[PDB]
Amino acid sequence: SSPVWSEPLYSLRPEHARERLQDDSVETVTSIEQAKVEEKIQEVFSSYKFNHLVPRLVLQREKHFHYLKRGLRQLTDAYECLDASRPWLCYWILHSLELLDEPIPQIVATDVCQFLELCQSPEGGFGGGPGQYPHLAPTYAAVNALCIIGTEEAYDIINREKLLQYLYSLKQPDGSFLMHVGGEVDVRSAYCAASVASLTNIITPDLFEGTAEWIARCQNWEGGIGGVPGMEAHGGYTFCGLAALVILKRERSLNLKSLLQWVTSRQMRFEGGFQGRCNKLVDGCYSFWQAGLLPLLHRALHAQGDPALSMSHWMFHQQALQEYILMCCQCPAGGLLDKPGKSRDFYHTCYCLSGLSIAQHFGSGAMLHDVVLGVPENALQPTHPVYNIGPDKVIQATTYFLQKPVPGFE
């Protein structure tokens, strides 16, 4: 083996060069763009190698922390484009802090609760800011943020009776949900609805009638899931679809074989990160949307008695994903990003870190097996692959709300 101060990396093996794109001497826009990314990424990988000396990789926790802490209070007018997404900013930042094991001061926690209360609509659900109409996306974010805070004050913000009525007001006869009143339908809504309804204990027998079948119709010939039936398989919508089915305990509605083969194919042989769709570019946020499918698939297959499942690893290259995130997705100023050359944002900070945590931590039954690449301080807190908040927060919230009745229903 090696001294503790050098750690060989998969992306730096000499044979790794064989993984560069083969364009068959037929150039199209797709291959040209892919080759450009690979060239940049090779330059990055090489910068971490000094012949046989390969220093341990470092997650720049303190830089990320300072960037997050600042964003939680105040933002310049450059963030006007997120004025209808403020609960997202709360969730992305709080979840990142949670992953980094950075405490949330009580005063900050109370202030977040107060703000999310202002975003809650009288009709149920939460909007993108105070006085905005409710929408399933900020509803999901707000509920998750409140669960990360996890105080009785936070839990009780949620108007559960109106929330359930709001979900009903979005439910379509074909099993699908609108994202908001008079809004668009795609598989995001099924996941948002299932996530908030299960956390807050407001699921009725009829709420999700037909929903599992509708999601299954979104799985396509590629094996992944599109936004609506007919559409191209996409890692974000696939995460939504499978996670919703896990909550509904209807994973078997899908062809799990074709799904598994599709998602594992989305890990890039050269970059080590994931792409969102076949023949598109690597992107740090798919470290979560794609890689998070593997723990979901593991649980699903394990529930079916699959005798071949690993007891130690997810079915993707955990080390390679960590290498891509740590070497390519960190902004030296703090924050994380899509790929080298892109600018940081809180969304990529959230999902790059979430994906890193999935890659570091395997658990199934009584078996736990960690693979933390780099210095030991790189270890993040675990994340729940369905909800993407800490598993401790999921248990605490679900336990709290299970003590309350389903609103107006027995």
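Throughout, we count residues from 1 along the sequence that is shown. If you superpose the two forms and keep the largest set of C-alpha atoms that fall within 1.5 Å, you have the rigid core.
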In 7 other deposited structures of this protein, rigid core aligned: more displaced of 72-80 and 294-302 by C-alpha RMS:
72-80
Comparing 354-362 with 371-379, which has the greater mean CA B-factor as deposited?
371-379
Averaging the C-alpha B factors as listed in the entry, name the stretch that ends up higher: 265-273 or 296-304.
296-304
Tell me, please, which of 213, 153, 283, 323 has the highest C-alpha B factor according to the deposited entry?
153
Whose C-alpha has the highest temperature factor in the PDB entry: 317, 188, 217, 252?
252
Residue 31 - Cα temperature factor, lowest/middle/highest third of chain:
middle
Splitting the chain's C-alpha B-factors into thirds, which one does residue 258 fall into?
lowest
Residue 348 - Cα temperature factor, lowest/middle/highest third of chain:
lowest
Please place residue 241 in the lowest, middle or highest third of its chain according to the CA B-factor in the PDB entry.
lowest
Chain thirds by Cα B factor, record data; residue 129 belongs to the middle
